[PDB]
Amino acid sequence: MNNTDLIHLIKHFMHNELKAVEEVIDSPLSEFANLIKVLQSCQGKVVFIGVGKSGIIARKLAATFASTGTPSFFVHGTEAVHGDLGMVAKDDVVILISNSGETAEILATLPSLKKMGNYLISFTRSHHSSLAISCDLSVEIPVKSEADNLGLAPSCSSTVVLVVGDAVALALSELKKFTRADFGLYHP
């Protein structure tokens, strides 16, 4: 493939990700106002749980939340059922990330988290998913297709969740009057 065609191939995949993000910005985002309220009410930490590519995005979001004034950390969904559920305490709010909302590792956390009683938020592509139905607050972040020809590799979905989560973090930060000095305290 010549250089101009290689460049056009790269831009094609980028453009597929851009379109997925546009789709979300153009949607009503009705449950987001409730999402902000629940997160503002959190007296503990916002605990993000995920596995696979969603799990790496969940790690970035926990870091971004914390660095911008919303105490947060990540628990890997497998490690959760090997003891790390002990990291979650009564005042913590839990955000579980799964694009399908069927990921077996994430569903496996739910019987314990129901017993523990924490408020559960899901980020998935469908309010009808198993995970979304089991949570207290389902946030639907629809994603039509992944960027590859067979639609198999998380690319549109992981990017959309990252953009949505970053914006939620920055809104919480602005609303709580987080300052340059507070940013400097955590990033010296």
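The numbering used is simple: start at 1 and walk along the sequence shown.
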The stretch whose C-alpha atoms carry the larger average B-factor in the entry, 85 to 93 or 70 to 78, is 85 to 93
Per the PDB record, is the mean Cα temperature factor higher over 61 to 69 or over 154 to 162?
-> 154 to 162
Could you tell me which one of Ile49, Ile56, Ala147, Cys135 shows the highest CA temperature factor in the PDB record?
-> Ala147
Per the entry, which of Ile141, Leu120, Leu39, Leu131 tops the list for Cα B factor?
-> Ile141
Record-listed C-alpha B factor of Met14: chain third = middle
For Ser27, return the chain-relative third of its C-alpha B-factor as stated in the PDB record: lowest, middle or highest.
-> highest
By the entry's values, the third containing the CA B factor of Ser126 is the middle
What third of its chain, lowest, middle or highest, does the C-alpha temperature factor of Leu175 fall into?
-> highest
